[PDB]
Every structure is written in C-alpha cells, then in structure tokens.
Amino acid sequence: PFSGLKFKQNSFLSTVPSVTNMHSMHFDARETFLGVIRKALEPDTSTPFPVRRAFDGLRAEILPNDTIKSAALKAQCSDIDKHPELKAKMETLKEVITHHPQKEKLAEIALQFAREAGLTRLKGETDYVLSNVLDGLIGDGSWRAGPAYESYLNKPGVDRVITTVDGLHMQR
Amino acid sequence: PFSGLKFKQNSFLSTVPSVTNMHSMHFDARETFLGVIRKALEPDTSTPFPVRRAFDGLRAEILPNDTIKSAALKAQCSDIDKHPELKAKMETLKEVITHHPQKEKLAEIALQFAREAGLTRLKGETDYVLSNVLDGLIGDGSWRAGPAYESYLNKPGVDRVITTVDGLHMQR
Amino acid sequence: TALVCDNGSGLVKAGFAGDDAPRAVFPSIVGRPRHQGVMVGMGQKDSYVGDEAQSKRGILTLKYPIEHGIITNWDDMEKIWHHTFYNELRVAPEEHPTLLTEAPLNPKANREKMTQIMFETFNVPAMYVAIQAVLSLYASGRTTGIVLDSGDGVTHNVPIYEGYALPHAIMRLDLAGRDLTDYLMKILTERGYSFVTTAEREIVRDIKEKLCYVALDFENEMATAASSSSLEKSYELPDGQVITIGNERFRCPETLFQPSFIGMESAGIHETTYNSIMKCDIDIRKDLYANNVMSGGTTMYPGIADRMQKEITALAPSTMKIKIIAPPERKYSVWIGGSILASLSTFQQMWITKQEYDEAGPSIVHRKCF
Amino acid sequence: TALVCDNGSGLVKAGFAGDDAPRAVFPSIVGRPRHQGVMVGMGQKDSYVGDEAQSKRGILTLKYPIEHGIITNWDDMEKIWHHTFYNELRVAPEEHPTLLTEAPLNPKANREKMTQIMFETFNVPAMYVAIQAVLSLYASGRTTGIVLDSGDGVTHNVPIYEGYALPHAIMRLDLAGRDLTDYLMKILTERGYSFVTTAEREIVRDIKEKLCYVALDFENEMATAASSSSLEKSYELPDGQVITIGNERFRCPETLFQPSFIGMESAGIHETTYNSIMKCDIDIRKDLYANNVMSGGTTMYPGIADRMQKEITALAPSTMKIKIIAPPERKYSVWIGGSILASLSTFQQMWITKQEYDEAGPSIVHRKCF
Amino acid sequence: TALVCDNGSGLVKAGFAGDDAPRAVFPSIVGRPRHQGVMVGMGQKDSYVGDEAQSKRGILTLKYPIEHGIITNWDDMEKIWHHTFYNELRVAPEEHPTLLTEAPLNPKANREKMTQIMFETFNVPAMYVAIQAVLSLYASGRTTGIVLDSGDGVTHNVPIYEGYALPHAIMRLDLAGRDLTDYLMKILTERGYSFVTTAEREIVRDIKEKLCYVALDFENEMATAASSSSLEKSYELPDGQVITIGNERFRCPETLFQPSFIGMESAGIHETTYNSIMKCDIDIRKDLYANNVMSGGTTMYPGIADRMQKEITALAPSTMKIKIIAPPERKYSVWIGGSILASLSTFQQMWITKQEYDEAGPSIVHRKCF
Ligand SMILES: Nc1ncnc2c1ncn2[C@@H]1O[C@H](COP(=O)(O)OP(=O)(O)O)[C@@H](O)[C@H]1O
Ligand SMILES: Nc1ncnc2c1ncn2[C@@H]1O[C@H](COP(=O)(O)OP(=O)(O)O)[C@@H](O)[C@H]1O
Ligand SMILES: Nc1ncnc2c1ncn2[C@@H]1O[C@H](COP(=O)(O)OP(=O)(O)O)[C@@H](O)[C@H]1O
Ligand SMILES: [Mg+2]
Ligand SMILES: [Mg+2]
Ligand SMILES: [Mg+2]
C-alpha cells in the first residue's frame, strides 16, 4: 500500500513519559501511548511527497492529535462492524506498524505502558484502534493476557527479618 | 584581612560525633571539637583564591589536623605572652569565628560538647586556643562558669514508688 | 457513604466519609488476660480490644498489632477491624466502601493482605489504600507542601508540589511515639520510677502526652532545669502516688531532633525534612520551604513547630522563608484527608471493587493505589 | 488585520501587524509532568505551553519543538501555535492572515509543513513565510546592509543591497543562544555547580542573560579574571543558593567568536560576517561594511557590538568604515519588520491565499516566498 | 618507581607503576565510633580507615570522603592518603612520583587541592592527575574508542580517536554504584527487609554486587519474576538472617538504563554513550561504535555488556557494527592504565614537579594535566 515510506529512527524516544508519571492516578495511558506511536509513524522527510501526503492522511485519521477527534474515532470503532472503511484503514495502518523498522523498541514501550500505566488492563475488551496497534507491535496477541504481577503476599521466602533499627523497638 | 571569605553552609554537621560517643571513657573532646570548628572554617570554593590561600594558612597554623602539631601548639600556647604573633593570629582567627554565618549552630554544638563531653571542664584554666575559639562562639565568656549540671541527690520529689511501678511490697 | 482512613500504629480512627472528625478513635490494642480466672464472673472473654482493654490493663497483657507502621499480627488486626465495624461504627462492612491508610515504603505484603482481609473476611464492596501524608495535605487544603507525618510508629516526609509527589524524595524514619515513650520510661528510671512493660508503658505514654515538650534551645533549657525548679512538674499515678518530672519532659521529645539519644544513627526530623527538600527539584524547594505541614500525634508536643521552624531556618539559605503549618487538628489531619478524599465524586472511580479484586487478586492494590 | 508570529527556536513573538511591539512573548516550550500522581483532580492536564510550562518548570520535562530554527516536533508546534492564537492573542485564525518567519537555508519541508498546518489545521485565510534577516532589515528602516541575526537556534547573516539579496552570500552557523546556554552549564561545573535537568537549563539560561558579556579583548579579560576578583558576580538560585562566576561570564559568549570552545570547526561570527561580505560584489562591500545590523537575543550581550566593531575592523582594509548597528529593540527587530511588512499596502498581493493553496498545495510556499 | 593511586568514590586502588595490579584495594571510608566504648584501653583511636573501618562498622559511623567523584571531606581524604602511603604501600611519599586520577568535568578546586596536599602535606617529588577514561583506554591498549567509565560515584563517557579526545563530546552522569545501592535499599523495603537506615548500606552493597544483574529484556524478566519464582536468590546477613530477593536483582541495575525509578531526568547509560558518539565527527563514529570500552565496578553486573550491545544497536543505524569491550579486569583497568602511563619513558616529562609547583602554585595542575 505504501512503498518508499521511511521513518526517522529514535524520533519517538523523546515522547515516552517517565515511568513515575505513568503511575500517576490521572495518567492517560491510551492517549499517551497512541501519541508515542503517532510520533513513531511520522514519515521521514526523505519519503516521497505523494506518499507522505497519502500516509499522513491515514495516520491523521486513525491517530489524530485532537482529543475530540480521538474520542470521536473511539466511539465509531465501538461498532466497527458498520465501518468497513475504518476496518480497511486500520488494517492498512496495522500492516504499516508491523513493518516499522523499530517495531521491537515500540513493542518494549507498549509493554512498559501495559506494565506501568495499565495500558491493556481491559485485556480482551481493549478498543479496536488500540488493539490493532498492539497487534501490529505484538503479532501473536499475547498482550491480551494482561501483564504478570508479583503478588508479594504469602511468598515462600519472606520472613520477618529484624534489622539494626527494627531491633530497637521489637516486640514479643 | 580576609575580605570575601565565605563558607559552605552545614559543612560541619557530619563532623559532630554521637552524644553517646561524647560520653566515651577516652573521648578527646578538645580535638574533636576543634575538628568541628576546623571543618566549619573550611573556606567555600566561592572564596577568591588569594583570600582562600591566606586563611587556609591561618587555620593550618592555629587548627592543624595533625595531632603532633596540635599538642606542640598547645604547649607553645602555655607561654602565649612570649609569642606576640600567635596572640595576634588567634585574635585574627577569633574575629573570623565571631563573624561566621553559622556561629549560632557552632556555639550550640560547642555547648553540647561542654555539657556532654566536658569540653570546658578546666573552666578558666582552659587552653589559650580552645578558650579563644569558645570566646569567638560565645562572646560573653559565660562558658567558663556556665555548665550547670543537674543534681539528683537531696532534691524535691524523691520518694519510693510501688504497685503501679511493680515492686509490690504490701507487707511493710 | 464510605468508611474511611486508618492503619495507625497507636490509635484507630474510624468514621464516615463526609464527616469532620472520626466517630470513634480508641487505641489500637488487643489485651489478653493474665494471672486471673478463679472467680466465675470475673471475665469470660479471652481478649479485649481498644477501649476496655485500657480499662482492664491491670490484668491484661496489651500488645499492638501494628509496630512501626507495619501490622505484624493479622489475627489481632482482624479483631480490631471487626471491633471497628461492629462495636464502634455499628455498621456492616459489606455495604460500605472502606478507605485505609499506609505509611510510604511499607512492605508490599502489608497492603496486599489489607485488601485481602477487607474483600474476603469483611466482603466490602470496594476499598482503597491511601498514603497518610497525602491525606494530611488533602486535609490542609494544599496541593503543594512537604508533610511531616509522625504517629505512634512512623515519621515520614512526602514532598508534593502540585499534586505531584516526588517519590525519590520520600523519607521515612522508624522513630516516632513508642520510641519517645520507651525512651521516657528509660529516662524515668534515673529519677527513680521504673514502669515495667505494657500497662505501665501506657501510663508512661499518658504522662508523655501531658508533660512533655520540645525546648526551643535545648542547652539553655538543660541549664535552666539544672539551676532551677521552675521546669519541675508532678503527675499522679493511677494508684495515687505522685511523681515529679523535670528535664526528662523535654529530653524525651529531643530524641526527634537528636536520634542518637536512643542509639539511632539517622538524622533528626528537622534534618530529614531538609534532606527531603534538596532532593526535590531546585525550582520546587522554595514552595516546599513554605508549606511545611505537620501531622500526626507525635507533632503535638508544645513548641515542636517553633523548634522545627528554628531548625529548618538553619540548614537553609537565609533568603528562604521557612513556614511550618501545624493546624490544631494535626492529630486527625490524616483521617480528615481520608474523609475528604473518599467524599469526592471524582474519586469514586478510584475505588478498587470486589469485581477487580476477584479478577486480579490481592496484587491489584499496587496498580491502583499510591 | 494580519497576525505576525516570529516563531523562533527559543521564544514565540506574536502579535498584530501595525503594532510597534509583539503582544505575546512567551517561551517556545512544551512541558510535560515527569513525576507521579498523586492527588485527585490535580493531573488531568498533560502538557503545558509557554509561560505556564516555565512556571510549573520544577515538575516538568521541558522540550523545545524547534531546534536550530527547524521544527522537530510538529505535534508540540501545533500546541504552541494553538496557544498563541487562542490563548495569547485571543483571535480566530480563520479571520486573520498570518505572517510567520524562518531562518534562511532551512529544510524546505519546514516551510511546507508550516503552510500545511496553517491552512488545514488553523484554516487561515492567507499566510506568508518571510526570512528573519530580511524582516530585521525592514525594521532597521534600511534597504541596504548585512544583517547578523542570532537567536536561540541559529545565527545567520543575509547581505542585502538596494533591496536585493545575494543568496550565494547567506551564511548559517548552527551556533546560537542555546549552544551558549549549554556551554555555560558545562563550564559552570568547573566551580562545582551542576545543572543537568531541563529546568536547570532554563535557570542557567537566566544566568547567561543576566551576567554574561563579551570581552573586548579575550586574553586581557582572562588575565584580569585570573589576577583579581573584580569580575566575579553572584547569582541567587530559585532555592536561595548563591553561585558566583568569574571568567565564565565572558568565556560563554566568547564561543560566538571562537566556536572551537564547543568543538565546532566553524569560524566566529565576526569572520563569518566578513566572509559573507567578501562573497558579495566588490562594489557593494563598502556599503555592507557600514551597515552591519544585529538582531536577536544572542546579540544582546554587553560589548558584543564593540567586539564585532573591533574584530571586523581588523579583517577589513583600514580605509573602510565599519559600523555595527545594534538597536535597543534588537530582540524584536524580526517581529517589528514582519509587522511593517504585513501592513504595507504593496505586500497585500504577496500573500499565499487559501485558494492558491488548494490549487497548488503546500509547494506554493516555495514559489511565493523567499 | 612511581605510585599510582586511583582514588575512586568507593575504593582506593593504589600500587607501583609497572605492576599488573594494585597492591592495595580497600574501601574509601573513614569510620567514627557511635557508641560509648566503654573499657579502659579500648577505643583510644578516634577514626578507622579502609578495611579496619569495614571490620568495625558495627560500632562505627561510616563516611565516604569522596562523593560523585568530588572530594567532600579533605581532612578525611588526607587520612586515606596517609593510610595508603604508610600503612598499605609502606613507602615514604617523598621518594615516589604519584599519579592520581579523577573524573572529567570535576570542579577545578578538586585537582588543585589534590596537588597542594601531595606537594605540601606529603612532599612528593612530582605528581600528575589523569582522566580515568583515558587511563582505561591505556589499559585496554587501544588508541581509539569511547570509554564508558562507571565507578561508585560517577559515570562518564570520553570518546577518543587516534589518541585525540573530543572534550565537547564528553558525557558525565552523576548516577553510579552508590546511587544503585541507595535504590536497592529503597526497593528492599517492598519485602520486609527495611534497612532504611545508615547502618547496613555497606551490607546491601554486598547484596548488590553478589546478586544483582542486568536483564537483557526487562519486561521478559519482570514477567518471569512475577510467574515462576526461578529468579529468587537468598542472601545471609551477618546476623545469620536470610533475605530472599527476586525481581530486585535486575530492577536495581535497570536504573542505569532508566535513570527514572530514582527521579532523574537523564537518559540511560546506553543513550548517553550514543549521544556522546553522535556529538563526534561523522567520520569517527564507526570506529567509536566498534570500540565501546567499559570500566569500573558498576560495569561488572552480569549481562550489562550484552544489554549495552542490544541497546546501542537499537539506537545506531543498522549498518554499524556495535562492539562492547568488557575486559574481565575492567574493575582495575583505570589503575592498570595509570601503571602503564606512569611507567612510559615519554611520560616522564609530563610530571608536575615540586619546583614547577612552588614556582606556579596549585594552578599548575590545569596546565600540565588533562
Ligand atoms: N499532645 C500530645 N503530646 C505528645 N504525644 C501525643 C499527643 N497526642 C498524641 N500523641 C501521641 O501520638 C500518637 C498517636 O498519633 P497518631 O497520628 O494517631 O498515630 P497513629 O496514626 O500511628 O495512630 C500516640 O502514640 C500518642 O501517644
Ligand atoms: N539580555 C540578553 N543577553 C544575552 N543573551 C540573551 C539576552 N536575551 C536573550 N538572550 C538569548 O537569546 C535567545 C533568544 O533570542 P530570540 O531572538 O528570542 O531567539 P528566537 O528568535 O529563536 O526565539 C535565548 O537563547 C537567550 O539565551
Ligand atoms: N561484581 C560487581 N557487580 C556489581 N557491582 C559491583 C561489582 N563490583 C563492584 N561493584 C560496584 O562498583 C563500585 C566500585 O567500583 P570502582 O570502580 O571501585 O569505583 P571507584 O573508582 O569510584 O572506586 C561499588 O559501588 C560497587 O557496588
Ligand atoms: Mg497517624
Ligand atoms: Mg529570532
Ligand atoms: Mg573508578
């Protein structure tokens, strides 16, 4: 569909939030991650202009800057069965993502977003646009099984060791 | 003399020993306290080098970190009248101390050394150097007779306690 | 309505979100009978919780399920929570979301087991675990400030600038009440009073809350105590005996500023607050030098705010304006913040529900709560 | 009325054509929170623009969407432009033709994208992209002269004679205020001062603007600084700490004349200006020598004009009259010229219109604009 | 023969030039007793240095004279140098030229005072202060390469090509082993292991060295730790208590590649190296990409070289050949290079001599040393 499309490598690394901010109680994981992928999908200027204009329409439609547009697209894809054009556009963009030269780093960022920001907490009910992007980065779909977490309690190897300070105000 | 002499704020706090250590059998309060003052008088690198070199030499003579020199200075200060230059130099150093930006904290540390470590145990017969440093921090000189130690024997409120302090002796 | 914050080492603070104060405090204590049982009618229950464990302290062995902010006895803690719901609030926990508290840097198992007990043994519809210093800042009306919370087991600093915490700047000392109390009974020995374990520890705690204060200048106060009788004050024991306490009543909280009194190597609470600042961004420190918020019972000593004001004014550039905020309701700020937080409509999505719990298990608490 | 927006690397200068000064001058920065949480209602705003980002600096990571006069982050540049139109000028862009600026010898995609956004995102009726040195010459009133424009991203000089530009004589150095800011925080480490964050870079920029100056003779100034303390100046950081800098005050601006300070092989701005003049026809050089006009913030160092006067006089033949023109409004000369240009009745036909854009697309900019 | 003392934030590596290894490697610590003694004849020493301080740490307060590569306690550094010369090497320093080392971009006063102490307090015939990364490249035997040097206090990159340093491309990052030790102390509180206090920093440093490693794929390792429990390893404290550490084994070193988790804004060591290479001339980058030299204890994590290879590969263009050189003796490579350099015949004219010192003063070190 898009031949001669090139990307500036590492252009998206500046866009990745700090891990501590990912833990913010009002962090918008979906919008921030889609912003990272949008930055990564920015065509390099060396891409021929007809292709640049062509693809920029595709990613602008699927990954708009505006929140109103992003929320509008989020609703329309909730009943994607009645939007064959979006199906085709999203399929075209998923194919672009899976061939992105830095897909491996993008997958790591997607995994960090799921690990840290709860990006995929909806698991299988992740909306259509986000799921296709994650499918493009993670081909097998194993991300739908949310991240594995530590579960500290009842661990086999943890017992109440007393340190130098804990021993000052011990109890029994 | 030392125009623009500046000091690093709080540089001396790590030099203050534990109060428990101040009670040690072989605690050397004088050298430990003069070490705190020496660290407090370390000129800030902001200070212009010609001033820094000049004061650095002064504190090297009057507050040497070498134990052999410190004792030699102490014996040399037994006859302070016979060393006019030493008397004037400690006068110059004493003037720097009284103008220290953290004189209040240095004197508070000096008082703690007195109450806990017996720094001023010799009272008026205190060494010339140590006394002149203490005078710099405490201008009135009240430290020569200020260490008011509380006394517990024969003071009001002393009485026996039983029952709700265990030791139940209802047979008396 | 929702039940709100407490995990206090020394005191429970329970109540309803939206109220201005906890409806029931009572100490965080479970006492077991000792050396009794002969008479048929002199107590049938094997344990007593909170109030009426203090009353029976003479015949009971009192022990706190929470030590230095960490709950170490989950059997007694479930008793205290059960007492809190059924005997103090007179509510059924299965129909009220419950908000709990935690000191920062606690063991993560502590939170996981807290959320497990709430959902499994009390079957709460939803719950939440908040950070006590954050709740103190909520109560103070601030979105900016470094809050020095200190209860019965933990004193911790949390700097927050605009609702954003700087977690790398969190400080925590296991030096609070219950170390001042234990130091005080050590220090009363040299005067002549022993106060052996448990019930007499509670007695000593009571005299600390009444007679202890922080000297603005410790050396001068010590000299005054040595040369005068004006600082001596007397306290009457439950059995009628009267003890007189002098400089011990400002040397006890002096441990906060000189932890080496009790053998600790850490810096005092003044230095730790200053060190928490200076780990924050240089552009945040001025706002943090102001908005120095006090919280917790251990900040209730007379003259502690003024001594913290003095100590932090030292250690800091003279151009910085140090301001200590110590509201009179310091002791309940944490609960007050929880009541405010649990009442906000915007917070109603932040609750962890039974649904999320049974989909994810206990560890859900980490990816839902600060 | 037409909007003029001098979209420099460091600052946005925006306003209405015909005014003597820009209405909105704010940093060209987008800041995003880099810390955590933690209060309900206090984090819904991701990203801050301009002055608000600079005020919340301490909890944000700051990023310039323009580097070296080139837009590198087009999503953030849209935010900057949306802020300029709707929040700083309070205008509907679809009602106002917009004149904007760029450095010469920029990538051509830079103009095409900024034309795309203005017509397709902001729906501007018409727009134009002018060269900043040409606008500065407009502001100077002259029609002849060699402008040296140095802002935050790039320093360029454009020789113009009787209104004719000699494009083969345009010079570019990617060495401007931001490089000088970076160098200063590098040499500030010599005195033990460590500035590493983007916020600290902003404060170091503030130090540069307040304390840095160009030494008329660099070697004598070094000897003076080495032999005495007369050149030391103190500066108070936002947290009350006070830093003092001596020869760093003039070593930082010296990089303009000795780019080898930061490892660059390029010649200094004095030599670049002379090289630009010598690339011009031998007939126009005399006028260019007498009409060296400075513009941009990076030409606001004290002594910069005198140093340039001296340096160029040493390179030119002794019979030429070197004159540096440094208006006090140097920092806004570019915006002033654009305000003049957009209001001239003879310019109203040079606008790129929405209709021409529709017919031709973004490439219309290369045909209609220098 | 000359002495080579690699001071280091964490360890002193001292020995004679021409040897293949330093004679003395001991902690760069001075310990002061905390407690009361309390016997006659015990504790008449006020301080302990090096291994003696480490042995007696149970009753000492340990303090590092050097922090972030900068000597912060000159009185305690003088003790460490006296201990090195007289107790560890057993040499009269008046007879041996002494080669010292420091990190780049250190405060200038740091090396001036080093010179003053060596010439005035210890009376060395001559001395030199070298850059640690340059010494590391000497030890490797290469003349080209970008050294990544990471000790206890400082991580710095120095790119060198054909023996020429590109100082503008030098990167320094105040995030090193001691920062990782502090972070390991912080995350060990998530389990019950609350060191939380200054007594046991030395022992959690030992846990760090023994058990921590770099995960090649952080998400994969996190999932493995969450699921299997095959990453768990146990450590026995001096008390005999056993702690079990799971994902903290690779989370602590992950801070090197994600300076977040400690509130730092900087890029990870991989991206700093790449940024350093990209600040170099395009024509030397290929040889830098193939000569990434790692030195220092903080590069001794299992898997760090492989992680660096993967990370720099993901940043560089695919046609470049990324090669990480991690000698087994890279912990002493800095000292090895100093031994090589000090024993070269051509170096004998580079020594700062006592005559040159007292003729010029401490500022001589800036002329004769990089
Ligand atoms: N006026 C007071 N003076 C001294 N100590 C007090 C005072 N009021 C309360 N305290 C102490 O503060 C502690 C209670 O503080 P709180 O914030 O409830 O801690 P927690 O949250 O652990 O229950 C108790 O140990 C109590 O002894
Ligand atoms: N008074 C001053 N002295 C020295 N440098 C200054 C001064 N004012 C501004 N600058 C520098 O000029 C730059 C901004 O200049 P400006 O013309 O606004 O550039 P731009 O057009 O790219 O925004 C900043 O990087 C700043 O460091
Ligand atoms: N095998 C190892 N694994 C991980 N870290 C190590 C190892 N050996 C040493 N370190 C770390 O390296 C640091 C010391 O490195 P070193 O090169 O001596 O630094 P310096 O030159 O500052 O003394 C210590 O902080 C230590 O924790
Ligand atoms: Mg509390
Ligand atoms: Mg400009
Ligand atoms: Mg090293």
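In the text below, chain A, chain B and the rest are named by the order of the sequence lines, each starting its count at 1. Computed from heavy atoms alone, side chains included, the values below leave out hydrogens, waters and symmetry copies.
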Inset, instruction - Please assess A/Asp44 against A/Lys6 for the test salt bridge (charged side-chain N to carboxylate O under 4.0 Å, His left out), listing each intermediate value before the final yes or no. - result: CA-CA 5 Å; A/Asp44 201 87; A/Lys6 302 199 77 177; over 6 Å; no
Between [Y] and [X], is there a side-chain heavy-atom distance shorter than 4.5 Å?
X        : Y        : value
D/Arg178 : D/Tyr64  : yes
D/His156 : D/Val147 : no
A/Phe49  : D/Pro362 : yes
E/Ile284 : E/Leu166 : yes
D/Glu271 : D/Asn275 : yes
A/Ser14  : D/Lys63  : yes
D/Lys368 : D/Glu356 : yes
D/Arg142 : D/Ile325 : yes

Just verifying a value: how many Å separate [X] [atom1] and [Y] [atom2], rounded to the nearest 0.5 Å?
X        : Y        : atom1 : atom2 : value
E/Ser276 : E/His168 : OG    : NE2   : 8.5 Å
A/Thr47  : A/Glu42  : OG1   : CD    : 10.0 Å
D/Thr1   : D/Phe16  : OG1   : CZ    : 7.0 Å
D/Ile324 : D/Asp306 : CD1   : CG    : 9.5 Å
D/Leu135 : D/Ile131 : CG    : CD1   : 8.5 Å
D/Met294 : D/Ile304 : CE    : CD1   : 5.0 Å

[Y] and [X] aromatic ring geometry - parallel, tilted or perpendicular at 30°/60° bounds:
X        : Y        : value
D/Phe26  : D/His83  : perpendicular
D/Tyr86  : D/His82  : parallel
D/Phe218 : D/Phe250 : perpendicular

Evaluate whether atom [atom1] of [X] has more than 12 neighbouring non-hydrogen atoms of other residues, nucleotides or ligands under 6.0 angstrom away.
X        : atom1 : result
D/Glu359 : CD    : yes
A/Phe7   : CZ    : yes
D/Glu265 : CD    : no
D/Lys310 : NZ    : yes
D/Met350 : CE    : no

Inset, instruction - Could you walk me through whether D/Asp75 and A/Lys39 pass the salt bridge (charged side-chain N to carboxylate O under 4.0 Å, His left out) test, one step at a time? - result: CA-CA 8 Å; D/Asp75 288 344; A/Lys39 178 58 176 169; over 6 Å; no
Legend entry - Residue pair D/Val365, D/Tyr357: steps toward the side chain to side chain contact (heavy atoms under 4.5 Å, CB included) verdict: CA-CA 9 Å; D/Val365 71; D/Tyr357 173 79; over 6 Å; no
Legend entry - side chain to side chain contact (heavy atoms under 4.5 Å, CB included) between D/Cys369 and D/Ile352, intermediate numbers included: CA-CA 9 Å; D/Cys369 297; D/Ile352 301 156; 3.5 Å; yes
Just by distance, do the side chain of [X] and the backbone of [Y] share a donor-acceptor pair under 3.5 Å?
X        : Y        : answer
D/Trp351 : D/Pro97  : no
D/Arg23  : D/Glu88  : no
D/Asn291 : D/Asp287 : yes
D/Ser339 : D/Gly18  : yes
D/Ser9   : D/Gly69  : yes

Legend entry - Verdict with supporting geometry, D/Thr101 and D/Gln132, side chain to side chain donor-acceptor pair (under 3.5 Å): CA-CA 6 Å; D/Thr101 82; D/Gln132 295 158 350; 3.0 Å; yes
Inset, instruction - Using the six-membered ring of D/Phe261, assess whether NZ or CZ of D/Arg251 lies under 6.0 Å from its centre and within 45 degrees of the ring axis. - result: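 Ring-cation test returns no.
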Inset, instruction - Check the pair D/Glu254 / D/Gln258 against side chain to side chain donor-acceptor pair (under 3.5 Å), numbers first and verdict last. - result: CA-CA 6 Å; D/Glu254 182 64 15; D/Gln258 300 194 58; 2.6 Å; yes
Minimum heavy-atom separation for [X] and [Y], please, with both atom names.
X        : Y        : result
A/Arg53  : D/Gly361 : NH2-CA, 4.0 Å
D/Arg172 : D/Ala103 : NH1-CB, 3.9 Å
D/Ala176 : D/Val154 : CB-N, 3.3 Å
D/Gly31  : D/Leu62  : CA-CD2, 3.8 Å
D/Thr273 : D/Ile146 : O-CD1, 3.8 Å
D/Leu99  : D/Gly338 : CD2-O, 3.2 Å

Inset, instruction - Quick one: do A/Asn10 and A/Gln102 satisfy side chain to side chain donor-acceptor pair (under 3.5 Å)? Show the steps, please. - result: CA-CA 8 Å; A/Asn10 308 330; A/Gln102 291 194 295; 3.0 Å; yes
Legend entry - Salt bridge present between D/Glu112 and D/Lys108 (N-O < 4.0 angstrom):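 Judged by the 4.0 Å cut-off on N to carboxylate O distance, D/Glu112 and D/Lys108 do not form a salt bridge.
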Inset, instruction - Considering only NZ, NE, NH1 and NH2 on the basic side and carboxylate oxygens on the acidic side, decide whether D/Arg201 and D/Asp182 come within less than 4.0 Å. - result: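 Result for this pair is yes, salt bridge flagged.
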Inset, instruction - Would you please say whether a donor-acceptor pair under 3.5 Å links the side chains of D/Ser136 and D/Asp149? - result: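 Yes, side-chain donor-acceptor contact under 3.5 Å.
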Inset, instruction - Tell me, with the steps shown, if D/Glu102 and D/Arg111 meet salt bridge (charged side-chain N to carboxylate O under 4.0 Å, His left out). - result: CA-CA 8 Å; D/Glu102 97 170 316; D/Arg111 308 157 78 82; 2.4 Å; yes
Legend entry - Worked check of salt bridge (charged side-chain N to carboxylate O under 4.0 Å, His left out) between D/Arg285 and D/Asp281: CA-CA 7 Å; D/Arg285 295 177 186 167; D/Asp281 299 70; over 6 Å; no
Inset, instruction - Go through D/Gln54 and D/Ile29 one step at a time and tell me if the side chain to side chain contact (heavy atoms under 4.5 Å, CB included) criterion holds. - result: CA-CA 8 Å; D/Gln54 193 69 259; D/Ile29 65 186; 3.6 Å; yes
Inset, instruction - Go through the steps for D/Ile207 and D/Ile245 under the test side chain to side chain contact (heavy atoms under 4.5 Å, CB included), then give the verdict. - result: CA-CA 10 Å; D/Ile207 292 165; D/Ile245 44 165; 4.0 Å; yes
Inset, instruction - Test side chain to side chain donor-acceptor pair (under 3.5 Å) on D/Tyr213 and D/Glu221 and set out the steps. - result: CA-CA 11 Å; D/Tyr213 69 95; D/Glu221 207 87 31; 2.8 Å; yes
